[PDB]
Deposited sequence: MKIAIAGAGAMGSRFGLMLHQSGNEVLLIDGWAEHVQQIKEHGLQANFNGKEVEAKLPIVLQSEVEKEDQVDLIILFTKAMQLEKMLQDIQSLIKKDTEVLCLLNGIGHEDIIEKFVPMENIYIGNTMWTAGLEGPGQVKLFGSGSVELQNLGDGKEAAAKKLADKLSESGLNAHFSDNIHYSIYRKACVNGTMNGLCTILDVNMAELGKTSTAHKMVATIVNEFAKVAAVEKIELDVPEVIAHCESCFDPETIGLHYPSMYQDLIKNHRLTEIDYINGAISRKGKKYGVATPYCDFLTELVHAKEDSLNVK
């Protein structure tokens, strides 16, 4: 496979690299000049390791979207050239509702949305830390493309990304967004990692409240979350054995690297929909308002 990764940040770089290591032709596409230049010159360095991946500024058979949700539109705009008739598009971004923009730019038949449990940290231009284990879930939005989705899952799993087809996917995106709509904001705002958060006495109440707001909105979309499971899934992160000692990626984005979060595409999406469906979502509203206020307090 010839593969573009549009957004070879932290997570884009994880994937880019594992696909080039198993012997795909990987082309990274990024918007960050220094990262690019650095990688043209010295390759991509990682603590999983070096690899000279081809890389191009933004201004193949498979394109894999891995921008932040907020760059995503401009990135599409800047790569519409590579969106040909054959050409498959995969979103594994962490929020909710990316399909809507992706649709503007790529035929429905060719779009595949999903989730990943893989992690990754971008230490600096050209440099990444590649944490632990992981998995992928993905499904096709296009009519009767369930078979090519299973091949895409299969091609990816062959590079060790351990990916699976899903017949729900919107269940799975909501279920994961709940994890992103709790651990993230909470850790960010409270200045704690996940383990410390679950040690506090109100974490459970806060998590449950939030999960319910997510589930009432999803229900409107005919998507019925097993709320006790989803809650136990969010609470799973409290475990110091597993990921407990890590800070979630939103904390990293803002508190560690002084960059904006994806909060509008997670808890904020839930609010946008609460408005539209007439469902109260105050905890998402406030959590969103809190994170933006926190952004403003630092930049």
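Numbered from 1 along the deposited sequence, what ranges are absent from the coordinates? According to the deposited record, C-alpha coordinates are absent for 49-52, 64-70, 311-312, which together make up the missing parts.
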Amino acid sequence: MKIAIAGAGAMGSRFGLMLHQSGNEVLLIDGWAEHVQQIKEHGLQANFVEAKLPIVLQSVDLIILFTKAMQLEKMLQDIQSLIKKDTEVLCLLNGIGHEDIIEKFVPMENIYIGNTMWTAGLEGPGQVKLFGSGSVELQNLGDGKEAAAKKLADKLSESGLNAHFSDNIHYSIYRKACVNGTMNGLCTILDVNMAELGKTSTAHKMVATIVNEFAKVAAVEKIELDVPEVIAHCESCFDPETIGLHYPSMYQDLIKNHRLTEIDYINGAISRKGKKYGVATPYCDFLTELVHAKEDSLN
From here on, numbers count along this sequence of modelled residues.
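Identify the stretch, either 39-47 or 61-69, whose C-alpha atoms have the larger mean B-factor according to the entry. 39-47 has the higher mean C-alpha B-factor.
Averaging C-alpha B-factors over each stretch, which comes out higher, 148-156 or 203-211? Mean C-alpha B-factor is greater for 148-156.
For the C-alpha B-factor as written in the entry, point me to the maximum among 268, 274, 31, 244. Max CA B-factor in the entry, restricted to 268, 274, 31, 244: 244.
Which of 216, 170, 104, 164 ranks first by CA B-factor in the deposited coordinates: That would be 104, according to the entry.
When the modelled residues of the chain are sorted by Cα temperature factor, does residue 294 land in the lowest, middle or highest third? According to the entry, residue 294 has a C-alpha B-factor in the chain's middle third.
Third assignment of residue 16 from its chain's C-alpha B-factors: Ranked within chain, residue 16 CA B lands in the highest tercile.
Residue 198 by Cα B-factor - lowest, middle or highest third of the modelled chain: It belongs to the highest third of the chain when residues are ordered by C-alpha B-factor.
Going by the entry, which third of its chain does the Cα temperature factor of residue 190 land in? Middle third.
Could you look up the Cα B-factor of residue 27 in the entry and say which third of the chain it sits in: lowest, middle or highest? Lowest third.
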